[PDB]
Amino acid sequence: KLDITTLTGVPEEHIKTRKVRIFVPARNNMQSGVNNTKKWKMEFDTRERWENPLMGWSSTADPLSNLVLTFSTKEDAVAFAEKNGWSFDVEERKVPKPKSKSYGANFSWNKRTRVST
Amino acid sequence: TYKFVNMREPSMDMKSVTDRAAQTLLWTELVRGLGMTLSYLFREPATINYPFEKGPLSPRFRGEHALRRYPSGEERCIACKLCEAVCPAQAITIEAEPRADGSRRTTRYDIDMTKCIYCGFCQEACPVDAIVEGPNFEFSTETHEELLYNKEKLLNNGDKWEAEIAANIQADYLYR
Amino acid sequence: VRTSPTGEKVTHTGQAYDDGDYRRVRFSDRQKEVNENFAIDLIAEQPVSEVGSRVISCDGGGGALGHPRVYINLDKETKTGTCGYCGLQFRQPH
Amino acid sequence: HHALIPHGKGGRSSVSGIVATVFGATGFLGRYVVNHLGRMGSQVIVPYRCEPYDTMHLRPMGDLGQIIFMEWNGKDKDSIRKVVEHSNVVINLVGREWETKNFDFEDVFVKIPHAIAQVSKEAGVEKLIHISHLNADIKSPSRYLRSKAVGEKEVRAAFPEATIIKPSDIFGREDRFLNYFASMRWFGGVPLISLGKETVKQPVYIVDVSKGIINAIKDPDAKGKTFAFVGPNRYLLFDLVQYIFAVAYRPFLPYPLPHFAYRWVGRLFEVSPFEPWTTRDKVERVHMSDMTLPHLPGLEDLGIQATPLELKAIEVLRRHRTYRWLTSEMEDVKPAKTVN
Amino acid sequence: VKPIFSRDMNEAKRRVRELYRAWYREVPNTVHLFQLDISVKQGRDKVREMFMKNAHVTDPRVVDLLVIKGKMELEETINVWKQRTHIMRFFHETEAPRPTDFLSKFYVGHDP
Amino acid sequence: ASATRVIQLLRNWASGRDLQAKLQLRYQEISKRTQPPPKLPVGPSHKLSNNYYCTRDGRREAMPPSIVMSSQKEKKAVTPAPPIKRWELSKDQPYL
Amino acid sequence: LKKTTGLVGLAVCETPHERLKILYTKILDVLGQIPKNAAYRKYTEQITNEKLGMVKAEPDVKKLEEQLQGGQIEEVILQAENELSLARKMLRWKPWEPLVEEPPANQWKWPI
């Protein structure tokens, strides 16, 4: 029942009207590396972005647009969200299921796994 | 290893006492300072006659950014966005699309000279020597908006200053 | 550098303010800065070099003053090999 | 012709979409109207006639690019065309309290407003706002008021759906009405025609008027509606001037003005080789109670509620407050007598 | 749990009462010194609103920490460390009203 | 400088020093603005053999700190370091 | 007798040996009240005894300063006073007792 909301100084609109997403970032499918999928991340909900009339740069009014936090475990992120009074959605970690790989299978005598090239 | 400033004891002999009494009563040290100022008065002043005389600068000077071209005339920048990444003040905004010829070119290259810190990055990062801070420094503007450069403004600056910029790069390209 | 129907000078990017757009007001008593030299035209004007080797290298000229060295394959007779950075065109003779 | 979709949270960087051309933006009402447009992120194409130095104070009000300063010639219509060409809203604030040599009351209240309205219609301006005093009427003795009524009719003629706002006396930090009475103390005593016993006044606050204009621009129903801005309360001229001198803590020296006896004073004012001390029409305005026109819609119709003078008088007249109140804090004063 | 200044909610309430007292009596001096155009009642109403903002707190340590912050702000206002701008920042005068009904929010923007 | 002999004598006497020998203003003694092209040397790692990055990988040789004591599971008194040696008065000018 | 210690606020002590002996004896007396197995007691007693033996053995101030390696002897007496004060407070703190509390599970894990 810890509540730091009064002490944080965050204005009430972002405390109440923002949904924070707790998740482990998925691997960038362009790369096979997995080092960026080992820590939980807290990200706020996306808001409106509009073009500046003068230059066309994207302007925002969301202070927490770029705020992202790293947490070792899901429970730590949940506790931080609760202590800060942010509504939170938790996406369970997705792990690659174990696979059975056999280089011999590429030359099966009767199975369809034989590779044409 | 260490030296004592102060930590000196005045002599108590009558000659030294008379000298110090003379200094106090006859204002000798004040006269010495006055003489120093007089000598500086008779020395040649160091002022340069700006704008008719300009202060020295080296070829590595970092001033107004200027997009350069190849000798053929094709714009050097190849939309790598490496400059935007290194930019320590995020003053570079780059947008690119394949142009009609099919080359990788920048549809938008904005350098906000109001947010840039003139760090010299990008000039040292661009793999094709595109953005190169020019020698110009006297580009003050009467409105804030004039300092938000556009790709057209950068290319015009490059065309204007290419004669000097190429020479400066030639002077310094071996050190880089 | 073509001129749009509104009278504005269209940019090499193709940018021109439409008659409906209100942002044309910024040039009311001022000018729209447009670079007359267009890269596409100038790169088109350059003659196509003919080299007798299957693979050629373009550094963009000037050595270290140009662009990273790349090797271009010229086997295809139909289409000339084009430098990714420089944009110069090469083809095998005949 | 120029339709813009509003974007953002209505902040300084947001795009409200109201591209406006505030004529007379350098004015007392303009200073506030432009401020509101900028804080909404409205592109304001300010036409000026003076030196840019004077217009410099308008620059901070808007974000980068929001405020565009373009010189315009009062008589030439091509300047009006170029300054309203890409505007979806044009506001007309071209009023001169006194009459100048080059520009007379008719020039600035009929020709200029009519030209602006006509050229705005030619360019396709969606909405037009015109300003004329509630007291201004086609039979009003003051020449400038009569010219204002004529210009109002002509503006309606050129721009049928123009929203011609009719504000009462406007008071504010840089007011010319309250400050006028505060400075009357300098002018010997306190000249008061009929001791101000025949002049009921209903002053409206400047911020209220500006926000009313803005809301009228935003609200669709405002088109083709002659709005009238009236003050929250009505006070006799004596009551208002007394309250002014009270909040200013200046010695009240009210001497009434007999027509003939003080006519020589007015004649001396006119005899000055420069302007007749802001003309005599200003003194005529002082010599006139506010017209009550309930048929025309008011501030509440736009949703803005007029702020009472008593609350805002302290701010307006603290500048005139001197060591007279600084050294002697004492206490405050009591609200003026309300003739309601 | 180690108490900051109060071991129980009641003691924190006593401290809150003291802080409220001090702010209440300070308000007229603030109005006079800073030459604010608001009335004393208006300022005290703002004080009451600010105090009720933190009313929902149900932890003694949080109350104590809020009291500390209130004391610091009061010390700033008692001195002339805060300017007239800082004092008026409580009164969000420039900021336009933000409607709270669903239909107005739907009209204005995409914000939830 | 271009000062006359009289002014040089006056300024020197007023200073108590010979200002002409050391002039704050710069003259032809400065280096030429245009310089012959440079050829910067290569470093130690510019070798074609026995230059595997594993040997010279500084970053990968860093290790997490060694834990001397951890609560979660005669002897001579020691100091953080040997006591500092007292500084010695400078030979060139012990007292200014 | 040195004219000045060289450090402002530190005055030459006319009787350094006696002051050092008194201070070291008082330090030992305070350390006696500390329990025998306390590491603080053992180490401080070792150092204090070494210092006291050196002080008694050497009658020359400069030689004693060289042997102690504690800077100028006035700095040594200041250090002895500091040790006395530390020992007196240590008696109250009782640092020799076991750890108050183990830290949380991962309070000292880095990287996170």
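Labels A, B, C, D, E, F and G are assigned to the chains in the order they are written; within every chain, residues are numbered from 1.
One rule holds for everything that comes next: a contact is a pair of C-beta atoms (placed from the backbone, for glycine too) under 8 Å apart; a residue touches a chain by one contact, two chains touch by 3 or more.
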What are the chains that chain C and chain E both touch?
D
Based on CA centres, what chain would you say lies at the far end from chain E?
C
Decide which interface, F-G or A-D, involves more C-beta pairs in contact, and give its chain pair.
A-D
Suppose each chain is reduced to the average of its Cα coordinates; what separation in Å results between chain A and chain E?
37
Between chain C and chain D, what's the gap in Å when you average each chain's C-alpha atoms?
57
Taking the mean of the C-alpha atoms as each chain's centre, how many Å separate chain B from chain F?
24
Averaging over Cα atoms per chain, report the distance between chain B and chain D in Å.
51
Do you know which chain E residues sit against two or more other chains?
109, 111
Multi-partner residues in chain G (2 or more other chains touched) are none
For chain C, which residues are shared contacts with two or more other chains?
23
Applying that definition of touch, give me each pair of chains that meets it.
A-B, A-D, A-E, A-G, B-C, B-D, B-F, C-D, D-E, F-G
Going by the contact rule set out above, which residues of chain A touch chain B in the complex?
54-57
The chain F residues in contact with chain B across the complex are 1-3, 7, 10-16, 19, 24-25, 33-34, 37-40, 87-90, 93-96
Report the residues of chain G in contact with chain F in the complex, numbered from low to high.
42-43, 46-47, 69-71, 99, 102-103
Taking the complex as given, what residues does chain E use to touch chain A?
53-54, 57-59, 62, 65-66, 69, 109-112
If we count contacts the way the header does, which residues on chain B are in touch with chain D in the complex?
144-145, 148
